[PDB]
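Engineer: You'll find input05.tsv just under this line, and it carries TSV, C-alpha atoms (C1' of nucleotides).
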chain	number	residue	atom	x	y	z
A	10	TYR	CA	115.42	116.12	72.14
A	11	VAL	CA	118.60	116.00	74.14
A	12	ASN	CA	122.33	115.64	73.63
A	13	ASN	CA	123.22	112.01	74.23
A	14	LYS	CA	126.76	113.08	75.15
A	15	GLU	CA	125.83	115.15	78.17
A	16	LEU	CA	123.81	112.17	79.38
A	17	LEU	CA	126.86	109.94	79.14
A	18	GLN	CA	128.55	112.58	81.25
A	19	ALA	CA	125.91	112.73	83.97
A	20	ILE	CA	125.68	108.97	84.18
A	21	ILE	CA	129.44	108.54	84.33
A	22	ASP	CA	129.29	110.94	87.21
A	23	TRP	CA	126.60	109.08	89.09
A	24	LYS	CA	128.65	105.97	88.51
A	25	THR	CA	131.62	107.66	90.13
A	26	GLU	CA	129.51	108.85	93.04
A	27	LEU	CA	127.79	105.49	93.57
A	28	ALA	CA	131.38	104.35	93.96
A	29	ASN	CA	131.08	106.14	97.33
A	37	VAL	CA	121.87	108.50	98.53
A	38	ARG	CA	120.42	109.81	95.26
A	39	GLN	CA	121.16	110.72	91.65
A	40	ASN	CA	120.85	113.93	89.70
A	41	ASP	CA	117.57	114.61	87.96
A	42	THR	CA	119.00	116.05	84.75
A	43	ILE	CA	119.32	112.49	83.50
A	44	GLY	CA	115.91	111.74	85.01
A	45	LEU	CA	114.19	114.59	83.21
A	46	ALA	CA	115.84	113.41	80.00
A	47	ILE	CA	114.50	109.93	80.68
A	48	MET	CA	110.95	111.21	81.03
A	49	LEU	CA	111.55	113.19	77.87
A	50	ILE	CA	112.74	110.22	75.84
A	51	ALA	CA	110.01	107.93	77.10
A	52	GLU	CA	107.34	110.44	76.12
A	53	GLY	CA	108.97	111.05	72.76
A	54	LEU	CA	109.08	107.37	71.94
A	55	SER	CA	105.44	107.18	72.98
A	56	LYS	CA	104.77	109.25	69.85
A	57	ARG	CA	106.38	106.53	67.76
A	58	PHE	CA	104.23	105.12	65.00
A	59	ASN	CA	103.41	101.58	66.09
A	60	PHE	CA	102.22	102.93	69.42
A	61	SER	CA	100.37	106.24	69.88
A	62	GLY	CA	97.68	104.45	67.96
B	1	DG	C1'	89.01	152.68	97.81
B	2	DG	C1'	85.42	151.81	96.84
B	3	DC	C1'	83.31	151.16	92.20
B	4	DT	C1'	80.80	149.05	87.11
B	5	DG	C1'	81.42	146.38	82.57
B	6	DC	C1'	83.54	142.31	80.22
B	7	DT	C1'	84.35	137.65	80.90
B	8	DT	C1'	84.91	132.81	81.18
B	9	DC	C1'	83.07	129.17	82.44
B	10	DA	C1'	79.40	126.22	84.09
B	11	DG	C1'	74.57	124.53	84.46
B	12	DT	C1'	70.10	123.18	81.46
B	13	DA	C1'	67.16	120.83	77.41
B	14	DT	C1'	81.74	96.79	69.82
B	15	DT	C1'	86.26	97.24	71.03
B	16	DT	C1'	93.65	97.91	70.89
B	17	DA	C1'	98.77	95.76	65.19
B	18	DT	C1'	106.02	93.45	66.61
B	19	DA	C1'	110.34	90.54	71.94
B	20	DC	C1'	113.86	87.24	74.32
B	21	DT	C1'	115.93	84.65	77.67
B	22	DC	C1'	116.17	82.35	80.80
B	23	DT	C1'	115.11	81.49	85.27
B	24	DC	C1'	113.01	80.55	88.78
B	25	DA	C1'	108.91	79.29	91.59
B	26	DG	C1'	105.86	77.61	93.83
B	27	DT	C1'	101.21	75.70	92.51
B	28	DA	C1'	97.70	72.99	91.26
B	29	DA	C1'	96.54	68.90	88.96
B	30	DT	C1'	97.80	64.19	89.24
B	31	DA	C1'	99.35	59.76	89.53
B	32	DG	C1'	101.09	56.92	93.76
B	33	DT	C1'	98.92	55.57	97.07
B	34	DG	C1'	96.69	51.18	101.08
B	35	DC	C1'	92.49	50.51	103.23
B	36	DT	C1'	88.25	47.89	103.84
B	37	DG	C1'	85.88	44.42	103.01
B	38	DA	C1'	84.63	41.12	101.13
B	39	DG	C1'	84.10	37.87	98.33
B	40	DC	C1'	85.52	34.44	96.69
B	41	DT	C1'	89.34	30.21	98.34
B	42	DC	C1'	89.82	26.82	100.52
B	43	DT	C1'	89.78	22.83	103.07
B	44	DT	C1'	87.42	20.28	107.46
B	45	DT	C1'	85.65	16.86	109.38
B	46	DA	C1'	80.98	15.62	111.36
Can you present the structure in this file as structure tokens?
Structural biologist:
Amino acid sequence: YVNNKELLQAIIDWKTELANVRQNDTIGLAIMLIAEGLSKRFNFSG
DNA sequence: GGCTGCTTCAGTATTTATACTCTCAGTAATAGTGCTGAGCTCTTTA
């Protein structure tokens, strides 16, 4: 799906900003992505 | 620049497998609750 590392980056960055409102959606798109990919796991998707 | 053929779609005729951890929360059942009366307790003296 998606490089875990870049996600660490984005979230570190929203950490730093929340240390000041919203967050980037890059990480949010990736979240949708990973949710939907897990959905196709084998116990579920049944 | 208005102009005809393809086109795509739309309308007919039972019974679903694997958290965890508090942690709280406020609730509904539930025993604590105290009456009423009354029924027996009891004695009285006429």
Engineer: Provide as a PyMOL selection string the residues of chain A at most 12 Å from chain B, counting all atoms listed in the file.
Structural biologist: chain A and resi 58-62
Engineer: Interatomic distance between CA of residue 21 (chain A) and CA of residue 42 (chain A)?
Structural biologist: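 Separation of CA of residue 21 (chain A) and CA of residue 42 (chain A): 12.9 Å.
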Engineer: Quick one: pull the distance between CA of residue 40 (chain A) and CA of residue 55 (chain A), Å, one decimal.
Structural biologist: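 Atom-to-atom, CA of residue 40 (chain A) to CA of residue 55 (chain A), that is 23.7 Å.
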Engineer: Could you jot down the CA of residue 50 (chain A) to CA of residue 11 (chain A) separation for me, Å, one decimal place?
Structural biologist: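 These atoms are spaced 8.4 Å apart.
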Engineer: So that I can see what lies close to residue 19 (chain A), please list as a ChimeraX atom specification the residues with an atom at most 12 Å from it, counting all atoms listed in the file and leaving out residues fewer than 5 positions away in the same chain.
Structural biologist: /A:12-14,24-26,39-46
Engineer: How would region 20-59 of chain A read, as a PDB file, in the coordinates of the input, once N, CA and C atoms are built in?
Structural biologist:
ATOM      1  N   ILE A  20     125.779 110.324  83.662  1.00  0.00           N
ATOM      2  CA  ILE A  20     125.680 108.970  84.180  1.00  0.00           C
ATOM      3  C   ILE A  20     127.040 108.467  84.607  1.00  0.00           C
ATOM      4  N   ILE A  21     128.087 108.828  83.869  1.00  0.00           N
ATOM      5  CA  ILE A  21     129.440 108.540  84.330  1.00  0.00           C
ATOM      6  C   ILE A  21     129.622 109.095  85.720  1.00  0.00           C
ATOM      7  N   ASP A  22     129.088 110.283  85.940  1.00  0.00           N
ATOM      8  CA  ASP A  22     129.290 110.940  87.210  1.00  0.00           C
ATOM      9  C   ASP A  22     128.527 110.238  88.317  1.00  0.00           C
ATOM     10  N   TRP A  23     127.303 109.797  88.036  1.00  0.00           N
ATOM     11  CA  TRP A  23     126.600 109.080  89.090  1.00  0.00           C
ATOM     12  C   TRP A  23     127.221 107.725  89.328  1.00  0.00           C
ATOM     13  N   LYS A  24     127.808 107.128  88.298  1.00  0.00           N
ATOM     14  CA  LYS A  24     128.650 105.970  88.510  1.00  0.00           C
ATOM     15  C   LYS A  24     129.709 106.284  89.550  1.00  0.00           C
ATOM     16  N   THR A  25     130.505 107.311  89.265  1.00  0.00           N
ATOM     17  CA  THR A  25     131.620 107.660  90.130  1.00  0.00           C
ATOM     18  C   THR A  25     131.146 107.941  91.551  1.00  0.00           C
ATOM     19  N   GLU A  26     129.988 108.574  91.698  1.00  0.00           N
ATOM     20  CA  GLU A  26     129.510 108.850  93.040  1.00  0.00           C
ATOM     21  C   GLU A  26     129.018 107.580  93.725  1.00  0.00           C
ATOM     22  N   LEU A  27     128.199 106.783  93.035  1.00  0.00           N
ATOM     23  CA  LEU A  27     127.790 105.490  93.570  1.00  0.00           C
ATOM     24  C   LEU A  27     128.987 104.652  93.977  1.00  0.00           C
ATOM     25  N   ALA A  28     130.168 104.954  93.451  1.00  0.00           N
ATOM     26  CA  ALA A  28     131.380 104.350  93.960  1.00  0.00           C
ATOM     27  C   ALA A  28     131.789 104.911  95.313  1.00  0.00           C
ATOM     28  N   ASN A  29     130.884 105.625  95.976  1.00  0.00           N
ATOM     29  CA  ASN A  29     131.080 106.140  97.330  1.00  0.00           C
ATOM     30  C   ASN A  29     131.800 105.157  98.242  1.00  0.00           C
ATOM     31  N   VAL A  37     121.330 108.784  99.856  1.00  0.00           N
ATOM     32  CA  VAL A  37     121.870 108.500  98.530  1.00  0.00           C
ATOM     33  C   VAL A  37     120.839 108.837  97.453  1.00  0.00           C
ATOM     34  N   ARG A  38     121.302 109.417  96.346  1.00  0.00           N
ATOM     35  CA  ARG A  38     120.420 109.810  95.260  1.00  0.00           C
ATOM     36  C   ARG A  38     121.246 110.009  93.997  1.00  0.00           C
ATOM     37  N   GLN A  39     120.557 110.375  92.925  1.00  0.00           N
ATOM     38  CA  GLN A  39     121.160 110.720  91.650  1.00  0.00           C
ATOM     39  C   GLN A  39     120.601 112.047  91.168  1.00  0.00           C
ATOM     40  N   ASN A  40     121.339 112.687  90.270  1.00  0.00           N
ATOM     41  CA  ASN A  40     120.850 113.930  89.700  1.00  0.00           C
ATOM     42  C   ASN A  40     119.562 113.670  88.934  1.00  0.00           C
ATOM     43  N   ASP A  41     118.829 114.738  88.663  1.00  0.00           N
ATOM     44  CA  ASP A  41     117.570 114.610  87.960  1.00  0.00           C
ATOM     45  C   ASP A  41     117.651 115.059  86.518  1.00  0.00           C
ATOM     46  N   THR A  42     118.726 115.755  86.152  1.00  0.00           N
ATOM     47  CA  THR A  42     119.000 116.050  84.750  1.00  0.00           C
ATOM     48  C   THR A  42     118.760 114.813  83.900  1.00  0.00           C
ATOM     49  N   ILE A  43     119.489 113.747  84.211  1.00  0.00           N
ATOM     50  CA  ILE A  43     119.320 112.490  83.500  1.00  0.00           C
ATOM     51  C   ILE A  43     117.896 111.981  83.652  1.00  0.00           C
ATOM     52  N   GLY A  44     117.262 112.234  84.798  1.00  0.00           N
ATOM     53  CA  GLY A  44     115.910 111.740  85.010  1.00  0.00           C
ATOM     54  C   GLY A  44     114.891 112.485  84.166  1.00  0.00           C
ATOM     55  N   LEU A  45     115.019 113.809  84.118  1.00  0.00           N
ATOM     56  CA  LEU A  45     114.190 114.590  83.210  1.00  0.00           C
ATOM     57  C   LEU A  45     114.364 114.104  81.781  1.00  0.00           C
ATOM     58  N   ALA A  46     115.611 113.898  81.357  1.00  0.00           N
ATOM     59  CA  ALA A  46     115.840 113.410  80.000  1.00  0.00           C
ATOM     60  C   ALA A  46     115.175 112.065  79.783  1.00  0.00           C
ATOM     61  N   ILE A  47     115.142 111.227  80.815  1.00  0.00           N
ATOM     62  CA  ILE A  47     114.500 109.930  80.680  1.00  0.00           C
ATOM     63  C   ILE A  47     113.007 110.098  80.446  1.00  0.00           C
ATOM     64  N   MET A  48     112.355 110.902  81.282  1.00  0.00           N
ATOM     65  CA  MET A  48     110.950 111.210  81.030  1.00  0.00           C
ATOM     66  C   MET A  48     110.765 111.691  79.613  1.00  0.00           C
ATOM     67  N   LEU A  49     111.613 112.626  79.206  1.00  0.00           N
ATOM     68  CA  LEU A  49     111.550 113.190  77.870  1.00  0.00           C
ATOM     69  C   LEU A  49     111.576 112.101  76.810  1.00  0.00           C
ATOM     70  N   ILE A  50     112.544 111.194  76.909  1.00  0.00           N
ATOM     71  CA  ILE A  50     112.740 110.220  75.840  1.00  0.00           C
ATOM     72  C   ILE A  50     111.624 109.192  75.857  1.00  0.00           C
ATOM     73  N   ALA A  51     111.164 108.810  77.041  1.00  0.00           N
ATOM     74  CA  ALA A  51     110.010 107.930  77.100  1.00  0.00           C
ATOM     75  C   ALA A  51     108.839 108.548  76.369  1.00  0.00           C
ATOM     76  N   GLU A  52     108.502 109.788  76.717  1.00  0.00           N
ATOM     77  CA  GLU A  52     107.340 110.440  76.120  1.00  0.00           C
ATOM     78  C   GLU A  52     107.518 110.672  74.632  1.00  0.00           C
ATOM     79  N   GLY A  53     108.745 110.861  74.175  1.00  0.00           N
ATOM     80  CA  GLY A  53     108.970 111.050  72.760  1.00  0.00           C
ATOM     81  C   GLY A  53     108.798 109.758  71.998  1.00  0.00           C
ATOM     82  N   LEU A  54     109.333 108.669  72.544  1.00  0.00           N
ATOM     83  CA  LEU A  54     109.080 107.370  71.940  1.00  0.00           C
ATOM     84  C   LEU A  54     107.599 107.059  71.905  1.00  0.00           C
ATOM     85  N   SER A  55     106.873 107.426  72.961  1.00  0.00           N
ATOM     86  CA  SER A  55     105.440 107.180  72.980  1.00  0.00           C
ATOM     87  C   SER A  55     104.787 107.631  71.690  1.00  0.00           C
ATOM     88  N   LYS A  56     105.251 108.747  71.129  1.00  0.00           N
ATOM     89  CA  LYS A  56     104.770 109.250  69.850  1.00  0.00           C
ATOM     90  C   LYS A  56     105.368 108.491  68.670  1.00  0.00           C
ATOM     91  N   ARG A  57     105.990 107.339  68.893  1.00  0.00           N
ATOM     92  CA  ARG A  57     106.380 106.530  67.760  1.00  0.00           C
ATOM     93  C   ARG A  57     105.134 106.035  67.028  1.00  0.00           C
ATOM     94  N   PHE A  58     105.344 105.370  65.900  1.00  0.00           N
ATOM     95  CA  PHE A  58     104.230 105.120  65.000  1.00  0.00           C
ATOM     96  C   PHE A  58     103.476 103.840  65.317  1.00  0.00           C
ATOM     97  N   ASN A  59     104.158 102.780  65.740  1.00  0.00           N
ATOM     98  CA  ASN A  59     103.410 101.580  66.090  1.00  0.00           C
ATOM     99  C   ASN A  59     102.507 101.844  67.273  1.00  0.00           C
TER     100      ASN A  59
END
